[PDB]
Amino acid sequence: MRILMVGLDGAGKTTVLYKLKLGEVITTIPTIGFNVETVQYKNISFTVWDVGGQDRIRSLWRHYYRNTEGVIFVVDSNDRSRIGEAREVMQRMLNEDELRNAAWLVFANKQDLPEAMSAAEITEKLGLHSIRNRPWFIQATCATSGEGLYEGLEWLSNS
Amino acid sequence: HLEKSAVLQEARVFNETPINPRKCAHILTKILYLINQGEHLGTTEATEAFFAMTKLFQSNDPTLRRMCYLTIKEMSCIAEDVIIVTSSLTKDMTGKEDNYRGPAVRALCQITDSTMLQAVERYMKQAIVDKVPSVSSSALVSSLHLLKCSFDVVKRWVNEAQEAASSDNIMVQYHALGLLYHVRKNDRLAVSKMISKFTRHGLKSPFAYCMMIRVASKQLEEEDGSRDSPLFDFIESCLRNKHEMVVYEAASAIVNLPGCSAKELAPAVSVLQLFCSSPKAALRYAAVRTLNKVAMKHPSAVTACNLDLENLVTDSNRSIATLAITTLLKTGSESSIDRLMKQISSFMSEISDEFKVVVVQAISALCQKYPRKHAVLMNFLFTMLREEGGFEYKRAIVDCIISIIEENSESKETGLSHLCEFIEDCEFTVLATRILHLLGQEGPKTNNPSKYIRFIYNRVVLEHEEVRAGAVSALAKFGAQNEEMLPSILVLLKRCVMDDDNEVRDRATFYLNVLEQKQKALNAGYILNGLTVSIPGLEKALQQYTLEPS
Amino acid sequence: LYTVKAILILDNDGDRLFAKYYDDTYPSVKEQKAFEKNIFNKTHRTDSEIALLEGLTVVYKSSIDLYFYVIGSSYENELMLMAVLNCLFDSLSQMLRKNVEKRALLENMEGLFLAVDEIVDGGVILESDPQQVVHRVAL
């Protein structure tokens, strides 16, 4: 299974990936580029493309769209200023023809932080209810603990 | 072999999910083949192929890694959004094995620009110090490329670069010292410190010696602070290692511009250093030479002479014979000229085609360059006119004529006149233009102009426009300078030849009308001797020098 | 830093089976091929370790249907250049698993491309050890 994981910078995309691959919480640098890794979960081998979220790189995601079976969209639940921006990025991503049938999994992340928005709140802000054309799911996660990560891999594998 | 479009296109699958190291590596090989076989990539498909390949860097296979380095460098400039490949190259570069190490630094650094410079530095510092020549040399050449993008990053590497310099391993040293000289330079003195450190040493690295000789060739006496001598204890002034190229480079500079003076075990003022290497095989070519030497090329010239002169005469092989002429030319000088001229006379007999033109030019050219009299030069210039009769050209008419009017003019015209007896219209536009121009300009009283006129009259009929036009205008000037001449001008110009052709007519109508009709204030003014259209330098001799041993 | 101007391995016409240009003076096919034809015409049908063409020492060798080239400076000699040319012949032979002919080169176009890039790098002599090149390259 081919997976594209994106989201704004600092959402926790690489932390998620290497928690999944190494069972370890690594010390990230901003990703100017991608990381690509293969992860085994329950007889599925997920090839995850973690593509950096800062602006220059954001402009490049479209090259990773093609062949994508599922999309992990990571959100920093503690950052309320950038939630609209996330909504804007994700909405036009939903309009992409190469992403047309891909399974849509939102991770509301850093759920560990006291003022993190809830997954329900995030669902309203991102406009997730309005997707009728394909599968979507939202999952509260904490990438450092590992909470919600495998519930994500589970949902994804049931595409 | 291949089609560039199909191969550039099918590469786009990498960009999606398929990575298949075998298939992609093949497709890459094909790209390298399109360039190698000689083809030009199409930009859209190239740009697409480049973004696709970066995915392929995930799979670490030594052949796929290799394909990827050559292909990204070739496709780098005819591609967009190339920046993504830097990370992948660093990942590869730190991976231990020469296949990755050396080839990656080179591919990475080529794509790398001043922003990216910072990233490659840790990996670069690790790769430069290597006494494993691939990694270190690739990293050293890589640093040279990077001096452009950003100087400062490269400069920090001077310590790692120096560290490589201390190897006696040929590559690691050649690259290390060569690169260092370029890098650390902020003033002469800091580079000079780098050179003195290696300088006292008897290397077994010929390439390092050579690259360094060049830095060294000028007198440096500030190497590592200061020192009391231009000294180079590495062959430049020394002859610690014998090997005919290094020996030649060193010997020609040192002799009359000491990098150090002569030592019993290392001649460096005396002519010797070249000469002991001089009898040899194909190898001889460096050895046999000269250039400069104490106090002249001539005492030097005698040693080597047996070698240069026998090959030059015997070998009608182009490859040997050329080395033999260059070597003769090198052992040459003012003195040598007697000898050089007989040999060059002889040489055309071995290779005679262009080489013929060159020897008849050379014997004249050498006489002008090295004085055996200016007259003899003209006499050689006659022999050139005789032998070739057509590989003289237009530039020759101007150069021969200008040169000639220094002394030769009355003779030259006369010689020319005789020379014109040759061949009526195969002699070319140029000879006719030379006898015509000279007979016009001198206005012979040395011989009767009537032979000259009769000779030129026939040539014009069947030869090109430019000479026939030349002939009318010359005649007009010839009229203005000498009154006597006017009757011949009239028989010639009424003819369908010297006037009334095409270009010849237009010029003639003007030139004629000014002589015939008009005051000749203009005609008089116009002839100041009846000189050429331009006065250049003496073009032939340099031309001839390179042209002969080609 | 510069010794080698270019490396060419040419069929017995001077046409490009291969050339890889360690000069920036030939990138376009027309001119890369012209160069190749130029060097092959002088040097060929007189085998020695010396040729002088274009004011540059050209060192060359031959095989059954190829002539192999290093072009370098003429302030040097054949022997310095020859060390590159010997590496070029040798390394291709050991790499391809067959001596340099048009057939070996064509047989493995990839081994040939990679092997030559290790020998010369932008006109500097990167490598000159045949053994080193061959291990360094993977077919």
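Residue positions begin at 1 at the first shown residue.
Each Cβ is built from the backbone N, Cα and C atoms, and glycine gets one as well.
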From A:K13, A:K19, A:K110, the one Swiss-Prot labels ubiquitin cross-link: A:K110
Candidate with the highest Cβ count within 10 Å, taken from the binding-site residues A:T14, A:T31, A:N109, A:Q111: A:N109
Least buried by Cβ count (within 10 Å) of the binding-site residues A:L8, A:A143: A:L8
For A:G10 (GTP binding site): intrachain residues, at least 6 apart, with Cβ closer than 8 Å: A:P30, A:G53, A:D76, A:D79
Distance from A:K110 (ubiquitin cross-link) back to A:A143 (GTP binding site), taken between C-alpha atoms, in Å: 7
